[PDB]
Structure formats: structure tokens, C-alpha cells
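Visitor: Provided herewith is a single structure, encoded as C-alpha cells, for subsequent inquiry.
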Amino acid sequence: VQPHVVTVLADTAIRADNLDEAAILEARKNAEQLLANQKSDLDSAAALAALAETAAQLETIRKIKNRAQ
Amino acid sequence: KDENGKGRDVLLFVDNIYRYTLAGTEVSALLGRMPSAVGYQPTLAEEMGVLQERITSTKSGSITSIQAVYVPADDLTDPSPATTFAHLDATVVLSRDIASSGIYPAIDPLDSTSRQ
């Protein structure tokens, strides 16, 4: 507290009236973990699959260049 | 045969038998002959075998032969190299990409093999 300014450095500062926000903090955690799940899926499912796919049979084609027939 | 002995160790060196093959190609059409699957003389296999068979170390003497093998268009699947492997116990193959890397010599480790 200062004669004009007050700062509140709270660990967990939540706009609320009652100590019952447990119903919304879990919702926040589920949102974060769900978006993490989206990250893990779309990074893996898109790339890692396509990572293997794009590298399928390159040398098979590279050797059959020098075929003059 | 050496007196009280046999023939000696024979050093033989072939310089692009592919040239001989190429000449056989050159002549075949004029010979009234037909065109192989690419254009070679059909008789190319038998003539190559005839050529190779008179080349051997026998009960008499030892003959050591080195063969220069040009590879047309740098292709293995050409009929002539293919036939050639059926003739060479010692196979040594070169690459263009290895030389493209500046490595001199540029022999490929893999395909060059030896029954020894």
C-alpha cells in the first residue's frame, strides 16, 4: 500500500467471491492438457506419418535412372 | 613350357573388350544379321563366351588376366556388362558420384566382389 497506489502480487489471484473456483481451475487445466493433446497428435499424426511416407522408395527410383532402356 | 618345367606366370591385360562388342554391333546389320533387343548382334553372347573360354590358367601354366570394362552410359543393366559378370571372378566397379566427391580412386565398395 502507498498513499496513491496499491499493488497485489498474489500467487493465485482469481476474480471470485467464494473459495469454490475449483470447478473452473480444473476446466483451465483440462483446456491446457487438451491443447497439449492436440499438439502431440497433430505434430505426430501429420508429420511423423508423412515423415515415413515421403521417404518410401527414393533409392528404388534413383537406381532406375541410369537404365538406358 | 620351360625346359624341365612348364609355362610361366602370364600377365594379361584387356583394354575395353567393349570395343570388340561395339565392332560386332557395327558389323551385324551389314552382315545380313538381325538386331538384338537393343541393336547388338544376337551372337554377342556366344562370341563373348568363345573369347573368354580361350582365356584360362590350365593344368599347364598360369594366365593372369586384367580386363578394362567400359560401361556404356554408366549402366549395369546393359546386356553386355550383365553377360560380363558371368565371366569375371574378380569384379571391380567404378562410380561417377564417388569421383564427383573427388575421391580418387572412386571404386564402389559394394558391387565389386570376389569369390576369393
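Every chain in the C-alpha cells has a letter given in the order shown (A, B, ...), and although residue numbers restart at 1 in each chain, ligands are simply numbered from 1 in the order shown.
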For a quick test of understanding: name the residues of chain A lying within 12 Å of chain B when counting only C-alpha atoms, and present them as a list in words.
Guide: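 So the residues of chain A near chain B are residues 63, 64, 65, 66, 67, 68 and 69 of chain A.
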Visitor: Include C-alpha atoms and write out the residues we just selected as a PDB file, in the first residue's frame.
Guide:
```
ATOM      1  CA  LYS A  63      18.888 -46.542 -59.348  1.00  0.00           C
ATOM      2  CA  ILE A  64      16.480 -46.910 -62.297  1.00  0.00           C
ATOM      3  CA  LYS A  65      17.519 -43.591 -63.788  1.00  0.00           C
ATOM      4  CA  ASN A  66      20.713 -44.961 -65.319  1.00  0.00           C
ATOM      5  CA  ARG A  67      18.612 -47.579 -67.115  1.00  0.00           C
ATOM      6  CA  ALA A  68      19.163 -46.716 -70.774  1.00  0.00           C
ATOM      7  CA  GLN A  69      16.257 -48.979 -71.715  1.00  0.00           C
TER       8      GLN A  69
END
```
Visitor: Compile the contact shell of residue B:39 as number ranges by chain: residues with an atom at most 12 Å away, counting only C-alpha atoms, same-chain residues fewer than 5 positions apart removed.
Guide: A: 69; B: 21-22, 24-29, 33-34, 44, 78-80
Visitor: Where in chain A does DSSP assign alpha helix (DSSP H), given as a PyMOL selection string?
Guide: chain A and resi 22-42+49-54+58-65
Visitor: Can you tell me how far atom CA of residue B:113 sits from atom CA of residue B:85, in Å to one decimal?
Guide: 10.5 Å
Visitor: If we count only C-alpha atoms and set the cut-off at 9 Å, which residues sit around residue B:9, ignoring sequence neighbours fewer than 6 positions away in its own chain? Please answer as a list in words.
Guide: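 Non-adjacent residues within range: residues 61, 62, 63 and 64 of chain B.
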Visitor: Could the residues in this selection be written to a file with C-alpha atoms, as a compact mmCIF listing (two decimals), in the first residue's frame?
Guide:
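The new file part08.txt reads:
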```
# COMPACT_ATOMS: atom_id res chain seq x y z
CA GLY B 61 50.80 -72.82 -66.83
CA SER B 62 49.08 -69.88 -65.14
CA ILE B 63 47.50 -66.97 -67.01
CA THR B 64 46.66 -63.78 -65.14
```
Visitor: Apply DSSP to the structure's backbone, then extract all residues of chain B labelled strand (DSSP E or B) and return them as a PyMOL selection string.
Guide: chain B and resi 9-14+62-67+90+94+107+114
Visitor: May I ask which of the residues B:58, B:101, B:67, B:116 is the closest one to residue B:17, counting only C-alpha atoms?
Guide: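 Of B:58, B:101, B:67, B:116, the one nearest residue B:17 is B:67, counting only C-alpha atoms.
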Visitor: One decimal, Å: what's the distance from atom CA of residue B:56 over to atom CA of residue B:6, could you say?
Guide: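 Taking atom CA of residue B:56 as the start and atom CA of residue B:6 as the end point, the length is 15.2 Å.
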Visitor: Could you tell me how far atom CA of residue B:11 lies from atom CA of residue B:90, in Å and to one decimal?
Guide: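 Distance reported for this atom pair: 15.0 Å.
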